[PDB]
Structure formats: C-alpha cells, structure tokens
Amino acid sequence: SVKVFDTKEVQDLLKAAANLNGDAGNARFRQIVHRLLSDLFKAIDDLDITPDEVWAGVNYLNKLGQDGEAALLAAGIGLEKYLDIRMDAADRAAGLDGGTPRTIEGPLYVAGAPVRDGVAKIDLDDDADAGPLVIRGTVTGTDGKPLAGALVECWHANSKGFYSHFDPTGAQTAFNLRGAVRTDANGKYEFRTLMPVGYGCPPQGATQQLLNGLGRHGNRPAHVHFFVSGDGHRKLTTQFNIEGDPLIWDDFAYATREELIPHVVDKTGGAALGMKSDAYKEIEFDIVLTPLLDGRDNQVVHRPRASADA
C-alpha cells in the first residue's frame, strides 16, 4: 500500500488546481476549493480508493446532475439537516432559540402562489384517496403577542406522494396543495386542504441509487412544509409531521423534531367550511417567530427555487 498525499508533488498540484498563487480573484472560492480538493485527495489516499472506484463516482455525478437531484441528495445524506444544526447552534449562542424549531426546506418549494387573507383552500385537483384536512393556528412572537398580517406559506404532497410542479405523472394543476395566507388581526391563519401521504425518492434516480448502495430507504413520513415571515421577525422554515405515521422518526432526510408533531383531530361540520365531506381532520399548528437581530435576518437562505404563474 502506498501513500502520496503529504508529498511536494501532490501539494503543488493542489495549489495549482485551486490557483492559490494566482492573480487577485475570488480568494474565498479558491480557499474552499483547495480545502475540498485536499480533503478528497487525502480520503482517496487513506482509503486506497482505486481509479475504478473514482471513475464510478465521477459517472455517478453525471447521473446526479442529469436527474437534477443534487439537492435531493443533499437532503438524503443529512447535509441539509447539518445546515440546520449549525444555524441552531448560532441561535443558542445568541438567545434566539425560543421559537418554533426550524427544519429543512427540501427541494420542492415553488414561488408564485396566490396570497389570501386569513383562509385559503389549496386543493385544486380532485384526489379521491385523500381525506379533507384543515390546518389552522395562531402566529405569535416569542414575546407572546399575536402577529397580524404575518405571511404563512405551505406546500405538501398529494395521496400519491407527489408535489405539484414535480409530479412525474403530470396529474396536478399549477399550485395544487400550495398556498399562502396573511394572518388576521388576531394572528390566525387557516388552510383547507387534503391529507398528505409521505414522499419517496424517484426509484430510478441518483439519490435512491446511492441510498440503495448504503442499504437505506428513501422515504419520508407524511408532512407539510411552511415558510412563515412577518415584519420585525426572521423568516421561519419549518414543517410539521402527520401524527401516527410510522416513518416519523425514520425520515431519510432527518427532518423530524418532537415539537413539530401536532395532534390530528377528527371533526364534523365540514360543509360549513366548504370541505368535500362532513367528516374531516383538523390540525392545530401554532407558530412562534423570533425577532430580528439588529434589524437583520441572520439565517435566511438564498438558494435556487422554482417559480410558476397561476
């Protein structure tokens, strides 16, 4: 067995490849690339990764991008959760850890949903196998005061586990099961929707291929995603899990938090809300936002996101 990482030839190659001694340029980017390349080269050296293994990994990266799944893989190997862990640690160090917990966004947000006042009905497509669901709650700040005019956005899957704009069967209308509500004067919001079923990775796709190699499933428990925002407060990325889903603590993207599992309550009187049956389920999901730090939101995330027109 041979080791070459700590040799002058290898260190010169890394310096050249990242252009550390180049003209003035993007020093931060060169610093990051040098670190990632150095770590990769050292891992190849330490584990004696063969050329055949490396070229299989290179081939995998081609498939990953061809499938458009790099952000799904980021969820599946815990990187997305890891970013939340680092934001959580920064919040604890600054006393901003008293609100509704964050969790991962996932890769399926779509911008452009219509904003309603107080109540939105977001099931645009018929879904016979999904029962009616009312999600409602109150938004407050950590101080305790309800927040009027706060913007509550949600998105979730249908009974086949698919999201609109990402449904491979093409069966969904634009913005089905996606919507936004401005809270009323008492901080209240309400979504009228249908019950989600859990998501699973595209079985032929790159993420599931890698999970298969690891001996891992690619499934998520049923859940609903949220963005919540409002004047004077930081933007919350969160979700809640559907109580009783047996995958709730075995999510392939590691998103579950014990504070984010509200009760599912059987109700009647559905016709008064325009639901499709008298019997329906209600989930009360109250949300607590944190104030800005020095007038700034130190944890909002910019990433590529889909958009569409109504």
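Position 1 is the first residue in the sequence shown; the rest follow in order. By rigid core we mean the largest C-alpha set that fits within 1.5 Å across both forms.
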Which of 167-175 and 101-109 lies farther, on average, from the shown form in 4 other deposited structures of this protein once the rigid core is superposed (C-alpha RMS)?
167-175
Comparing 136-144 to 88-96 by root mean square Cα deviation from the shown form in 4 other deposited structures of this protein, core aligned, the larger deviation is found at 88-96
Quick check on the record: does 126-134 or 89-97 carry the larger mean Cα temperature factor?
89-97
Between 73-81 and 183-191, point out the one with the higher average CA B-factor as the PDB entry records it.
183-191
The largest CA temperature factor among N241, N59, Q66, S277 is found at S277
Between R220, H165, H233, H225, which one tops the list for C-alpha B-factor in the PDB entry?
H233
Taking the chain's C-alpha temperature factors as the reference, tell me which third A253 falls into: lowest, middle or highest.
lowest
Comparing against every modelled residue in the chain, figure out the third that the C-alpha B-factor of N26 lands in (lowest, middle or highest).
highest
For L151, return the chain-relative third of its C-alpha B-factor as stated in the PDB record: lowest, middle or highest.
middle
Would you check the entry's CA temperature factor for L273 and let me know if it's in the chain's lowest, middle or highest third?
highest
Within-chain third of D45 by Cα B-factor, per the entry
lowest
